[PDB]
Amino acid sequence: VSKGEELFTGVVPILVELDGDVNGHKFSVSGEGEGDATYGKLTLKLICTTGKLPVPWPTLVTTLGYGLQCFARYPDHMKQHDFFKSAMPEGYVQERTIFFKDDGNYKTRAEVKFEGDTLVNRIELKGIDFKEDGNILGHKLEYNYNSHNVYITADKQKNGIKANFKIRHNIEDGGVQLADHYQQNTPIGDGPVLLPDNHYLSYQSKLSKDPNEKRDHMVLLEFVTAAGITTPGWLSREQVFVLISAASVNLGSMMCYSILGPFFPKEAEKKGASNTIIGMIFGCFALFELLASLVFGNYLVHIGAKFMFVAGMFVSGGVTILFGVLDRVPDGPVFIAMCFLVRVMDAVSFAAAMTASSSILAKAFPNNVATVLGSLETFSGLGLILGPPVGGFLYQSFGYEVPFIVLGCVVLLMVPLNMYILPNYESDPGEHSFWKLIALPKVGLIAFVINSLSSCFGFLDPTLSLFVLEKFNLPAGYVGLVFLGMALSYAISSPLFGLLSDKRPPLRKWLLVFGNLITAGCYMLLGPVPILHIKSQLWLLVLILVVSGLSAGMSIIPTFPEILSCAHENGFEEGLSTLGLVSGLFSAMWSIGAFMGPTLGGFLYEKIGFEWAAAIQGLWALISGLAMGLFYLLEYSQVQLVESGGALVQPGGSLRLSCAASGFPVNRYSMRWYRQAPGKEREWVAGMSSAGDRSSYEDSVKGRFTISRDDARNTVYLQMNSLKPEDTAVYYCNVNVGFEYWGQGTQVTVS
């Protein structure tokens with residue numbers, strides 16, 4: 001707890017200083033930058049104020065980035081344990097002892113102060129016993145940097161923390177240099193101390209050069225995350241306290257939403273609404289809810305979530321009683337400006353509810369994004385299946401009014417109780433264009449899929465009732481429950497294909513494609529041409545509609561994590577505004593499907609029969625699903641490694657291991673081979689340089705291991721002879737192209 005803790009968020013500009021005396025050589029570096037504690041980024045452009053550096057660049061990165069640890073993104077249960085963020089406006093000091101393996105040493109002292117709004121960093125270091133012909137001063141350090149963990153514990157003897165981290169520097173010969181870092185961090189002031197437990201920090205550092213800076217310089221795009229303590233497995237009551245509200249929002253509305261649909265032919269000719277007017281009801285219900293959801297997703301930050309959400313059903317609590325009785329008055333010169341007062345504010349009532357609710361749902365659970373959406377969907381399905389059987393008494397009470405007062409009282413009494421739930425105040429507006437968000441080709445291709453999936457349901461819903469009268473002849477109340485089977489299958493597909501979509505991320509894309517593919521199948525048997533000579537059996541049509549609902553429910557849910565990852569990976573922000581604009585995107589792309597689908601399908605039904613009228617929508621969805629493979633199966637350039645060749649070993653012998661690559665070429669890159677022993681930490685074994693003329697070997701396997709590379713298939717082989725009983729371990733392959741990427745690794749058991 002501190003006065004500057006709440007002001008620490010947002011951008012905070014940084015001033016960075018450095019003077020240093022390494023091996024009798026004096027130099028100085030100064031620079032500027034900024035970052036965030038909520039985003040976690042840290043961009044620092046450093047320029048040498050002296051000239052040619054007597055040290056390699058990454059050897060200074062560990063004392064210029066890890067010296068600036070005020071910007072640390074901590075998780076929820078770790079927010080108490082912020083010692084670097086404990087007190088900024090006084091300043092703190094950091095003493096680091098840096099050792100190298102069998103080489104010289106660094107000692108540095110760090111003073112950081114906070115004046116006004118900006119942060120000043122002052123570093124001084126002394127470097128002793130370094131050689132010109134060694135690994136360091138020969139400029140043998142490759143201009144890349146890896147990902148390392150920082151292990152922090154606290155001590156109350158000097159009210160501070162002590163930390164350790166070992167850094168692997170890459171070598172142009174191929175090997176690594178181990179930098180031991182011991183940290184003693186204390187605060188200057190006598191203020192309150194926020195003592196951490198045992199925890200660790202994770203880093204992801206970039207290292208690039210801008211050509212427009214003429215002198216010696218570097219650019220850091222460090223990303224720092226935190227972890228360390230296992231969270232309790234129980235669900236917190238504060239997070240239930242919003243999930244109950246979201247469940248009530250999705251549950252109470254759908255009864256009124258489902259009963260207002262077929263209610264309208266009780267008055268459609270009382271109002272004098274001709275087919276042009278009936279058509280413009282659907283036209284307004286499409287386009288006005290497009291515009292409303294779009295402007296809401298644009299201006300969620302400016303309006304704010306509270307009056308967005310708790311009044312989001314107050315207008316729905318108005319439209320549940322707006323149809324109180326409309327057989328009373330002879331709307332004559334009333335109905336000139338009432339046709340957009342019948343169902344348009346119903347549309348913005350349920351567009352304003354779901355756009356906000358999806359955003360506040362997805363904010364609370366980043367680790368379970370698809371699970372809780374599927375949970376609300378299966379709660380919706382359980383509400384929909386048991387929807388109208390409770391009406392067998394109530395609207396026989398005193399007339400035709402009853403479904404719009406008694407349930408209207410429930411909505412009007414449940415609407416003001418949603419005010420306790422939202423504590424959310426404010427975020428930042430989105431800087432990138434929402435048109436630029438759409439103009440990304442990935443959303444530009446999933447848009448057509450989600451419009452097709454909406455068009456399927458929109459065409460099918462007023463079609464089975466007019467179809468099954470002819471060759472099946474079921475009564476009106478029977479027309480419902482087939483459809484209920486579909487809902488049952490959406491329920492079966494609501495969490496089961498959602499929770500799995502949280503487990504394995506890269507499996508979702510093909511899964512989405514698979515959904516679309518089987519969606520094509522589920523209409524080709526729906527209305528078949530009798531060239532296929534299938535008989536209209538009830539059981540086969542029921543089964544193909546159940547697997548239709550299963551496919552639709554399996555394909556609807558992983559749309560939202562896919563577009564979240566699409567917005568995340570392509571350089572947009574990481575916050576509530578991006579989540580809200582993605583939710584409005586989903587709202588608009590769902591709402592346009594009520595206009596693309598039912599119009600042309602209802603036109604072509606009476607024209608060509610519900611065989612080819614179903615077949616045109618089926619082929620439309622089939623082309624919609626087939627379009628996804630052009631962007632997935634042609635640009636599947638995610639970098640990954642495949643390791644194999646490990647099995648049981650007869651002791652004192654010869655075998656081989658291999659690892660192949662995908663996502664990058666090996667024309668200008670090096671590669672490493674690591675080993676994890678049981679119970680002991682990792683250790684560099686082999687290294688193939690970018691040139692490949694030479695290689696680097698561990699001394700314990702020197703003269704025993706042969707590394708080889710085949711450039712055509714991007715395959716790398718490691719062979720040996722006379723294996724040892726200590727060589728029961730798991731081997732990893734490491735590559736460094738804009739991240740430190742590792743493979744899964746495989747086992748060698750010398751038994």
# chains A, B, ... in the order shown; residues from 1 in each chain; ligands from 1
>>> select_by_dssp(residues="stretch 364-549 of chain A", states="alpha helix (DSSP H)", output="VMD selection string")
chain A and resid 364 369 to 385 391 to 394 406 to 414 434 to 438 441 to 460 464 to 471 476 to 503 508 to 524 538 to 549
>>> residues_around(residues="residue A:382", least_positions_apart="6", cutoff="10 Å", atoms="only C-alpha atoms", output="count of residues only")
6
>>> residues_around(residues="stretch 517-530 of chain A", least_positions_apart="4", cutoff="8 Å", atoms="only C-alpha atoms", output="MDAnalysis selection string")
chainID A and resid 513 534 541 544:545 547:548 551:552 610:612 614:615 618:619 621:622 625:626
>>> write_last_selection(atoms="N, CA, C and O atoms", output="PDB file, in the first residue's frame")
ATOM      1  N   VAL A 513     -12.706 -25.137 -38.579  1.00  0.00           N
ATOM      2  CA  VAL A 513     -12.872 -25.549 -39.968  1.00  0.00           C
ATOM      3  C   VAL A 513     -13.693 -26.825 -40.030  1.00  0.00           C
ATOM      4  O   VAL A 513     -14.632 -26.936 -40.835  1.00  0.00           O
ATOM      5  N   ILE A 534     -33.403 -41.266 -51.106  1.00  0.00           N
ATOM      6  CA  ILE A 534     -33.623 -41.557 -49.700  1.00  0.00           C
ATOM      7  C   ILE A 534     -35.084 -41.272 -49.365  1.00  0.00           C
ATOM      8  O   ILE A 534     -35.715 -40.358 -49.905  1.00  0.00           O
ATOM      9  N   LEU A 541     -34.062 -37.902 -40.247  1.00  0.00           N
ATOM     10  CA  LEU A 541     -34.103 -36.440 -40.235  1.00  0.00           C
ATOM     11  C   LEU A 541     -33.896 -35.892 -38.827  1.00  0.00           C
ATOM     12  O   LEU A 541     -33.219 -34.869 -38.646  1.00  0.00           O
ATOM     13  N   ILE A 544     -30.111 -36.296 -38.207  1.00  0.00           N
ATOM     14  CA  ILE A 544     -29.275 -35.341 -38.926  1.00  0.00           C
ATOM     15  C   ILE A 544     -29.485 -33.934 -38.373  1.00  0.00           C
ATOM     16  O   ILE A 544     -28.559 -33.117 -38.367  1.00  0.00           O
ATOM     17  N   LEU A 545     -30.659 -33.658 -37.791  1.00  0.00           N
ATOM     18  CA  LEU A 545     -30.840 -32.364 -37.141  1.00  0.00           C
ATOM     19  C   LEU A 545     -30.178 -32.309 -35.762  1.00  0.00           C
ATOM     20  O   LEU A 545     -29.733 -31.236 -35.332  1.00  0.00           O
ATOM     21  N   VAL A 547     -27.316 -33.930 -35.074  1.00  0.00           N
ATOM     22  CA  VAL A 547     -25.899 -33.690 -35.347  1.00  0.00           C
ATOM     23  C   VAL A 547     -25.698 -32.321 -35.994  1.00  0.00           C
ATOM     24  O   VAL A 547     -24.602 -31.753 -35.916  1.00  0.00           O
ATOM     25  N   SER A 548     -26.753 -31.745 -36.584  1.00  0.00           N
ATOM     26  CA  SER A 548     -26.716 -30.350 -37.012  1.00  0.00           C
ATOM     27  C   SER A 548     -26.534 -29.411 -35.828  1.00  0.00           C
ATOM     28  O   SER A 548     -25.696 -28.500 -35.863  1.00  0.00           O
ATOM     29  N   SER A 551     -22.987 -29.875 -34.385  1.00  0.00           N
ATOM     30  CA  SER A 551     -21.979 -29.195 -35.193  1.00  0.00           C
ATOM     31  C   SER A 551     -22.036 -27.685 -35.015  1.00  0.00           C
ATOM     32  O   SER A 551     -20.991 -27.025 -34.932  1.00  0.00           O
ATOM     33  N   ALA A 552     -23.247 -27.121 -34.971  1.00  0.00           N
ATOM     34  CA  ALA A 552     -23.397 -25.678 -34.808  1.00  0.00           C
ATOM     35  C   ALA A 552     -22.879 -25.221 -33.451  1.00  0.00           C
ATOM     36  O   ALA A 552     -22.182 -24.203 -33.349  1.00  0.00           O
ATOM     37  N   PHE A 610     -37.959 -27.032 -51.035  1.00  0.00           N
ATOM     38  CA  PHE A 610     -36.973 -27.199 -49.969  1.00  0.00           C
ATOM     39  C   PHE A 610     -36.195 -28.494 -50.201  1.00  0.00           C
ATOM     40  O   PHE A 610     -36.193 -29.414 -49.378  1.00  0.00           O
ATOM     41  N   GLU A 611     -35.610 -28.613 -51.388  1.00  0.00           N
ATOM     42  CA  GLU A 611     -34.443 -29.445 -51.623  1.00  0.00           C
ATOM     43  C   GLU A 611     -33.300 -28.570 -52.108  1.00  0.00           C
ATOM     44  O   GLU A 611     -32.264 -28.466 -51.445  1.00  0.00           O
ATOM     45  N   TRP A 612     -33.511 -27.852 -53.207  1.00  0.00           N
ATOM     46  CA  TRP A 612     -32.505 -26.926 -53.697  1.00  0.00           C
ATOM     47  C   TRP A 612     -32.508 -25.621 -52.910  1.00  0.00           C
ATOM     48  O   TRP A 612     -31.473 -24.941 -52.858  1.00  0.00           O
ATOM     49  N   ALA A 614     -32.678 -25.642 -49.693  1.00  0.00           N
ATOM     50  CA  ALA A 614     -31.720 -26.011 -48.657  1.00  0.00           C
ATOM     51  C   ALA A 614     -30.318 -26.169 -49.232  1.00  0.00           C
ATOM     52  O   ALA A 614     -29.328 -25.874 -48.551  1.00  0.00           O
ATOM     53  N   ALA A 615     -30.224 -26.631 -50.483  1.00  0.00           N
ATOM     54  CA  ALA A 615     -28.923 -26.920 -51.077  1.00  0.00           C
ATOM     55  C   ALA A 615     -28.128 -25.651 -51.361  1.00  0.00           C
ATOM     56  O   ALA A 615     -26.895 -25.668 -51.302  1.00  0.00           O
ATOM     57  N   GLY A 618     -26.672 -24.727 -48.088  1.00  0.00           N
ATOM     58  CA  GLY A 618     -25.655 -25.712 -47.752  1.00  0.00           C
ATOM     59  C   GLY A 618     -24.355 -25.514 -48.510  1.00  0.00           C
ATOM     60  O   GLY A 618     -23.274 -25.561 -47.921  1.00  0.00           O
ATOM     61  N   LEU A 619     -24.442 -25.274 -49.823  1.00  0.00           N
ATOM     62  CA  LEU A 619     -23.243 -24.965 -50.599  1.00  0.00           C
ATOM     63  C   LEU A 619     -22.647 -23.619 -50.220  1.00  0.00           C
ATOM     64  O   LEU A 619     -21.427 -23.446 -50.316  1.00  0.00           O
ATOM     65  N   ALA A 621     -22.593 -22.378 -47.134  1.00  0.00           N
ATOM     66  CA  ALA A 621     -21.811 -22.695 -45.942  1.00  0.00           C
ATOM     67  C   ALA A 621     -20.605 -23.568 -46.271  1.00  0.00           C
ATOM     68  O   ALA A 621     -19.578 -23.497 -45.589  1.00  0.00           O
ATOM     69  N   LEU A 622     -20.705 -24.396 -47.315  1.00  0.00           N
ATOM     70  CA  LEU A 622     -19.579 -25.246 -47.696  1.00  0.00           C
ATOM     71  C   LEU A 622     -18.436 -24.427 -48.290  1.00  0.00           C
ATOM     72  O   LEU A 622     -17.266 -24.664 -47.967  1.00  0.00           O
ATOM     73  N   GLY A 625     -16.847 -22.616 -45.400  1.00  0.00           N
ATOM     74  CA  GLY A 625     -15.890 -23.418 -44.656  1.00  0.00           C
ATOM     75  C   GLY A 625     -14.633 -23.722 -45.445  1.00  0.00           C
ATOM     76  O   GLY A 625     -13.542 -23.823 -44.876  1.00  0.00           O
ATOM     77  N   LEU A 626     -14.765 -23.874 -46.764  1.00  0.00           N
ATOM     78  CA  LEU A 626     -13.614 -24.215 -47.590  1.00  0.00           C
ATOM     79  C   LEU A 626     -12.686 -23.022 -47.762  1.00  0.00           C
ATOM     80  O   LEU A 626     -11.500 -23.194 -48.064  1.00  0.00           O
TER      81      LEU A 626
END
>>> residues_around(residues="residue A:503", least_positions_apart="4", cutoff="12 Å", atoms="only C-alpha atoms", output="PyMOL selection string")
chain A and resi 367-371+496-499+507-508+558
>>> write_last_selection(atoms="N, CA and C atoms", output="compact mmCIF listing (two decimals), in the first residue's frame")
# COMPACT_ATOMS: atom_id res chain seq x y z
N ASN A 367 -7.95 -16.85 -18.21
CA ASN A 367 -7.48 -18.22 -18.34
C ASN A 367 -8.59 -19.19 -18.73
N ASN A 368 -9.84 -18.75 -18.58
CA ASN A 368 -11.01 -19.61 -18.93
C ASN A 368 -11.98 -18.80 -19.79
N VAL A 369 -11.51 -18.31 -20.93
CA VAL A 369 -12.34 -17.45 -21.78
C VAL A 369 -13.47 -18.25 -22.43
N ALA A 370 -13.14 -19.40 -23.02
CA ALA A 370 -14.15 -20.18 -23.71
C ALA A 370 -15.00 -21.04 -22.78
N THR A 371 -14.54 -21.26 -21.54
CA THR A 371 -15.28 -22.13 -20.63
C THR A 371 -16.53 -21.45 -20.09
N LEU A 496 -18.53 -28.78 -23.74
CA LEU A 496 -17.65 -29.90 -24.05
C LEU A 496 -16.66 -29.55 -25.16
N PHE A 497 -17.08 -28.73 -26.11
CA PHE A 497 -16.16 -28.20 -27.10
C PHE A 497 -15.64 -26.82 -26.73
N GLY A 498 -15.99 -26.32 -25.56
CA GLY A 498 -15.43 -25.07 -25.08
C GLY A 498 -14.24 -25.30 -24.18
N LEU A 499 -14.42 -26.18 -23.18
CA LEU A 499 -13.37 -26.47 -22.21
C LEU A 499 -12.16 -27.09 -22.88
N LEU A 507 -5.04 -26.39 -31.66
CA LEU A 507 -6.01 -27.31 -32.21
C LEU A 507 -7.34 -26.62 -32.53
N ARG A 508 -7.52 -25.35 -32.13
CA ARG A 508 -8.84 -24.73 -32.29
C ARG A 508 -9.16 -24.43 -33.75
N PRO A 558 -15.59 -21.59 -30.29
CA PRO A 558 -14.20 -21.10 -30.42
C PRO A 558 -13.99 -19.96 -31.40
>>> atom_distance(atom1="atom CA of residue A:383", atom2="atom CA of residue A:252")
8.7 Å
>>> closest_residue(among="A:126, A:73, A:41, A:148", to="residue A:18", atoms="only C-alpha atoms")
A:126
>>> decode(residues="stretch 119-154 of chain A", atoms="N, CA and C atoms", output="PDB file, in the first residue's frame")
ATOM      1  N   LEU A 119      11.060   8.568 -13.933  1.00  0.00           N
ATOM      2  CA  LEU A 119      11.934   7.678 -13.172  1.00  0.00           C
ATOM      3  C   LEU A 119      13.375   7.858 -13.630  1.00  0.00           C
ATOM      4  N   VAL A 120      14.297   8.008 -12.679  1.00  0.00           N
ATOM      5  CA  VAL A 120      15.715   8.145 -12.987  1.00  0.00           C
ATOM      6  C   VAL A 120      16.463   6.928 -12.449  1.00  0.00           C
ATOM      7  N   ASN A 121      17.341   6.385 -13.295  1.00  0.00           N
ATOM      8  CA  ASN A 121      18.147   5.205 -13.008  1.00  0.00           C
ATOM      9  C   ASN A 121      19.612   5.593 -13.118  1.00  0.00           C
ATOM     10  N   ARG A 122      20.387   5.300 -12.078  1.00  0.00           N
ATOM     11  CA  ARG A 122      21.814   5.586 -12.055  1.00  0.00           C
ATOM     12  C   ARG A 122      22.549   4.297 -11.727  1.00  0.00           C
ATOM     13  N   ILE A 123      23.388   3.848 -12.654  1.00  0.00           N
ATOM     14  CA  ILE A 123      24.097   2.581 -12.549  1.00  0.00           C
ATOM     15  C   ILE A 123      25.584   2.892 -12.491  1.00  0.00           C
ATOM     16  N   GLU A 124      26.306   2.233 -11.587  1.00  0.00           N
ATOM     17  CA  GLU A 124      27.765   2.283 -11.650  1.00  0.00           C
ATOM     18  C   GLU A 124      28.317   0.877 -11.456  1.00  0.00           C
ATOM     19  N   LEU A 125      29.307   0.496 -12.265  1.00  0.00           N
ATOM     20  CA  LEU A 125      29.860  -0.850 -12.196  1.00  0.00           C
ATOM     21  C   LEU A 125      31.373  -0.832 -12.334  1.00  0.00           C
ATOM     22  N   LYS A 126      31.991  -1.882 -11.806  1.00  0.00           N
ATOM     23  CA  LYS A 126      33.427  -2.099 -11.873  1.00  0.00           C
ATOM     24  C   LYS A 126      33.686  -3.508 -12.384  1.00  0.00           C
ATOM     25  N   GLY A 127      34.531  -3.619 -13.409  1.00  0.00           N
ATOM     26  CA  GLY A 127      34.806  -4.893 -14.049  1.00  0.00           C
ATOM     27  C   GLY A 127      36.269  -5.272 -13.984  1.00  0.00           C
ATOM     28  N   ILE A 128      36.561  -6.483 -13.497  1.00  0.00           N
ATOM     29  CA  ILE A 128      37.916  -6.881 -13.134  1.00  0.00           C
ATOM     30  C   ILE A 128      38.268  -8.201 -13.823  1.00  0.00           C
ATOM     31  N   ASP A 129      39.527  -8.272 -14.291  1.00  0.00           N
ATOM     32  CA  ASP A 129      40.220  -9.487 -14.747  1.00  0.00           C
ATOM     33  C   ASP A 129      39.655 -10.080 -16.039  1.00  0.00           C
ATOM     34  N   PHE A 130      39.622  -9.254 -17.077  1.00  0.00           N
ATOM     35  CA  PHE A 130      39.108  -9.663 -18.375  1.00  0.00           C
ATOM     36  C   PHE A 130      40.216  -9.715 -19.416  1.00  0.00           C
ATOM     37  N   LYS A 131      40.098 -10.681 -20.323  1.00  0.00           N
ATOM     38  CA  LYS A 131      41.117 -11.009 -21.306  1.00  0.00           C
ATOM     39  C   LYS A 131      40.670 -10.575 -22.694  1.00  0.00           C
ATOM     40  N   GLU A 132      41.635 -10.134 -23.500  1.00  0.00           N
ATOM     41  CA  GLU A 132      41.330  -9.714 -24.862  1.00  0.00           C
ATOM     42  C   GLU A 132      41.062 -10.895 -25.785  1.00  0.00           C
ATOM     43  N   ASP A 133      41.733 -12.028 -25.560  1.00  0.00           N
ATOM     44  CA  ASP A 133      41.629 -13.186 -26.440  1.00  0.00           C
ATOM     45  C   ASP A 133      40.516 -14.156 -26.054  1.00  0.00           C
ATOM     46  N   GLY A 134      39.721 -13.838 -25.037  1.00  0.00           N
ATOM     47  CA  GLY A 134      38.706 -14.755 -24.557  1.00  0.00           C
ATOM     48  C   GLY A 134      37.410 -14.729 -25.340  1.00  0.00           C
ATOM     49  N   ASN A 135      36.338 -15.217 -24.717  1.00  0.00           N
ATOM     50  CA  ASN A 135      35.023 -15.219 -25.342  1.00  0.00           C
ATOM     51  C   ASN A 135      34.373 -13.844 -25.367  1.00  0.00           C
ATOM     52  N   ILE A 136      34.782 -12.934 -24.489  1.00  0.00           N
ATOM     53  CA  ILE A 136      34.073 -11.672 -24.320  1.00  0.00           C
ATOM     54  C   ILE A 136      34.642 -10.603 -25.240  1.00  0.00           C
ATOM     55  N   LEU A 137      35.919 -10.265 -25.054  1.00  0.00           N
ATOM     56  CA  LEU A 137      36.508  -9.116 -25.736  1.00  0.00           C
ATOM     57  C   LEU A 137      36.786  -9.364 -27.210  1.00  0.00           C
ATOM     58  N   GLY A 138      36.632 -10.594 -27.691  1.00  0.00           N
ATOM     59  CA  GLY A 138      36.746 -10.870 -29.105  1.00  0.00           C
ATOM     60  C   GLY A 138      35.500 -10.575 -29.908  1.00  0.00           C
ATOM     61  N   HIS A 139      34.503  -9.934 -29.279  1.00  0.00           N
ATOM     62  CA  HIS A 139      33.187  -9.646 -29.860  1.00  0.00           C
ATOM     63  C   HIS A 139      32.511 -10.922 -30.355  1.00  0.00           C
ATOM     64  N   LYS A 140      32.653 -11.993 -29.574  1.00  0.00           N
ATOM     65  CA  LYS A 140      32.124 -13.301 -29.921  1.00  0.00           C
ATOM     66  C   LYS A 140      30.702 -13.515 -29.436  1.00  0.00           C
ATOM     67  N   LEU A 141      30.011 -12.459 -29.028  1.00  0.00           N
ATOM     68  CA  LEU A 141      28.672 -12.585 -28.471  1.00  0.00           C
ATOM     69  C   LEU A 141      27.674 -12.257 -29.572  1.00  0.00           C
ATOM     70  N   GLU A 142      26.820 -13.221 -29.903  1.00  0.00           N
ATOM     71  CA  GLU A 142      25.806 -12.997 -30.922  1.00  0.00           C
ATOM     72  C   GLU A 142      24.762 -12.015 -30.413  1.00  0.00           C
ATOM     73  N   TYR A 143      24.232 -11.201 -31.324  1.00  0.00           N
ATOM     74  CA  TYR A 143      23.344 -10.099 -30.956  1.00  0.00           C
ATOM     75  C   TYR A 143      21.915 -10.626 -30.846  1.00  0.00           C
ATOM     76  N   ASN A 144      21.721 -11.511 -29.872  1.00  0.00           N
ATOM     77  CA  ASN A 144      20.429 -12.083 -29.523  1.00  0.00           C
ATOM     78  C   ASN A 144      20.409 -12.245 -28.013  1.00  0.00           C
ATOM     79  N   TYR A 145      19.222 -12.472 -27.456  1.00  0.00           N
ATOM     80  CA  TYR A 145      19.149 -12.662 -26.017  1.00  0.00           C
ATOM     81  C   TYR A 145      17.989 -13.600 -25.714  1.00  0.00           C
ATOM     82  N   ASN A 146      18.145 -14.390 -24.657  1.00  0.00           N
ATOM     83  CA  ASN A 146      17.244 -15.491 -24.358  1.00  0.00           C
ATOM     84  C   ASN A 146      16.234 -15.091 -23.283  1.00  0.00           C
ATOM     85  N   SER A 147      15.484 -16.079 -22.807  1.00  0.00           N
ATOM     86  CA  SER A 147      14.488 -15.899 -21.758  1.00  0.00           C
ATOM     87  C   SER A 147      14.966 -16.610 -20.501  1.00  0.00           C
ATOM     88  N   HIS A 148      15.042 -15.876 -19.394  1.00  0.00           N
ATOM     89  CA  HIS A 148      15.566 -16.397 -18.141  1.00  0.00           C
ATOM     90  C   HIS A 148      14.633 -16.080 -16.984  1.00  0.00           C
ATOM     91  N   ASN A 149      14.683 -16.927 -15.966  1.00  0.00           N
ATOM     92  CA  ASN A 149      13.908 -16.728 -14.755  1.00  0.00           C
ATOM     93  C   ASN A 149      14.761 -16.061 -13.685  1.00  0.00           C
ATOM     94  N   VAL A 150      14.141 -15.148 -12.945  1.00  0.00           N
ATOM     95  CA  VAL A 150      14.762 -14.465 -11.815  1.00  0.00           C
ATOM     96  C   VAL A 150      14.134 -15.025 -10.549  1.00  0.00           C
ATOM     97  N   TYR A 151      14.947 -15.572  -9.643  1.00  0.00           N
ATOM     98  CA  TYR A 151      14.424 -16.176  -8.421  1.00  0.00           C
ATOM     99  C   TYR A 151      14.606 -15.198  -7.267  1.00  0.00           C
ATOM    100  N   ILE A 152      13.499 -14.710  -6.706  1.00  0.00           N
ATOM    101  CA  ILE A 152      13.511 -13.669  -5.681  1.00  0.00           C
ATOM    102  C   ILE A 152      13.016 -14.277  -4.376  1.00  0.00           C
ATOM    103  N   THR A 153      13.771 -14.064  -3.295  1.00  0.00           N
ATOM    104  CA  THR A 153      13.285 -14.293  -1.944  1.00  0.00           C
ATOM    105  C   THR A 153      13.585 -13.043  -1.130  1.00  0.00           C
ATOM    106  N   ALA A 154      12.985 -12.939   0.049  1.00  0.00           N
ATOM    107  CA  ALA A 154      13.143 -11.755   0.879  1.00  0.00           C
ATOM    108  C   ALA A 154      13.931 -12.084   2.141  1.00  0.00           C
TER     109      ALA A 154
END
